[PDB]
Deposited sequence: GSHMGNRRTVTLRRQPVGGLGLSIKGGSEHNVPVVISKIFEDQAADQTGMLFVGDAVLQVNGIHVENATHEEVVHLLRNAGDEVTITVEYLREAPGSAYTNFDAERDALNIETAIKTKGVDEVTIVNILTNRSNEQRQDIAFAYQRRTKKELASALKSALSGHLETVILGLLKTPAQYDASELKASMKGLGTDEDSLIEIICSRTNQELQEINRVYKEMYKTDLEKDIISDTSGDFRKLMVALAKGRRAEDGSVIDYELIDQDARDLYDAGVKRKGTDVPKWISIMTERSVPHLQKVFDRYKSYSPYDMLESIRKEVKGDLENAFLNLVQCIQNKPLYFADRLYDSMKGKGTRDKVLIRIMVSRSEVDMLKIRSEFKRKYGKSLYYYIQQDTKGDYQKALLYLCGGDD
């Protein structure tokens, strides 16, 4: 049903149609509406559900939504459209072929590379990497490493790793050398779940020929070391349909009796409770803690401990209470001031794009008035900005 139709742009409705879809959602652009008696309806050959393949002979079978909207608005008074009424290995090969063409183009076509990779799931990017190596005999990561540069290179190479590989390599990078990036180490260890950590530990073993727990011990000290080792084990309790109200109250008293009530801090009891109890349980514990203590769990942490141990406890409680808001706040910090903390911004957008990016955007918009898309737009430029915007998934 490959039909080629010429529409005449008219003041009453323009082209007289609506379109939905686009390669940013990995779907073909499809005619959404056809306003009756207007241009698209007058032709008699356009129907709701037609996939848009060409605009004035310009191929758009793999174009984004804005690219097709931009073509249809600049095609003149006479617009000619060619229409026709599960991710497979074919899609991987076509994606891998287009990425190969964009890399071999003189000057590198970064737009095409960003259009595809930032709009595929992590599992689909592995299928693309498998097909790219079959067709070119080259590794896609190393090909893009020399073809790209700057922040865009950091995003694309990070997107190519599996969730465990990316987390493991980021963990290794935070402890590399004498200067341990405690903030990056804290962000990953406090926010990852049991299933994610068990996979990180397994992959960290393969990539670096040593245990993650053994490397944490070598770069951390004191109670901060005990907190990261216990969290990195990923043996937190899994909650069921059992709300143990008696334990919620006793855990709150124990947290209060171990900190604000006594001189000093019984941090082993803090580490024991906050790392072993399930997340839904600890959420109700922290509210029950407000009934016994004049300060909430976060303020009690600021009053009891200092240094990296304070920073880790502050991040853990935020992840337990509201993890999407936790990432929304860290994204805002990465862009609020002069310049950009690109390491945090890139890592969050890469690691959370497929997890809870919608809930992060919802918390961000509610608290900061503007969208996460908007702040990314004002802090980054170029294809690096477009890649982050695609990982954001849309405005608001």
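- Taken in order along the deposited sequence, the stretches absent from the coordinates are 1-5, 91-97.
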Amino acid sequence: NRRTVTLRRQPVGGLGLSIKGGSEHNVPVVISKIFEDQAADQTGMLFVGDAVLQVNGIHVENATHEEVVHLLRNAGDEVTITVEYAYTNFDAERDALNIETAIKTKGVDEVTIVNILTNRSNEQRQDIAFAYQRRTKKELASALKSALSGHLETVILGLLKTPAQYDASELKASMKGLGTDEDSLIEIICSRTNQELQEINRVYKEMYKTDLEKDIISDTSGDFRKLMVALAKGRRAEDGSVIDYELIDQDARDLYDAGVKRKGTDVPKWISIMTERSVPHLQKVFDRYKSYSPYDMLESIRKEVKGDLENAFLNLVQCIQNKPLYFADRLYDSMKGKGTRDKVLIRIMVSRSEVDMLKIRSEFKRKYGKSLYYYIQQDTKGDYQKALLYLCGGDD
From here on, numbers count along this sequence of modelled residues.
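- Annotation for 371-379 versus 11-19: the higher mean temperature factor (C-alpha) is found in 11-19.
- Stretches 116-124 and 296-304 differ in mean C-alpha B factor, with the higher average recorded for 296-304.
- Looking only at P163, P324, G158, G240, the residue with the top Cα B factor in the deposited structure is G240.
- Each of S351, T43, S362, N62 has a CA temperature factor in the record; the biggest one is found at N62.
- Remark: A168 belongs to the middle third of its chain, ranked by C-alpha B-factor as recorded.
- When all modelled residues of the chain are sorted by CA temperature factor, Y85 is found within the highest third.
- Per-chain ranking of the deposited C-alpha B factor places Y289 in the middle third.
- Sorting the modelled residues of the chain by their CA temperature factor places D342 in the middle third.
- Among the modelled residues of the chain, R330 sits in the lowest third by CA temperature factor in this PDB entry.
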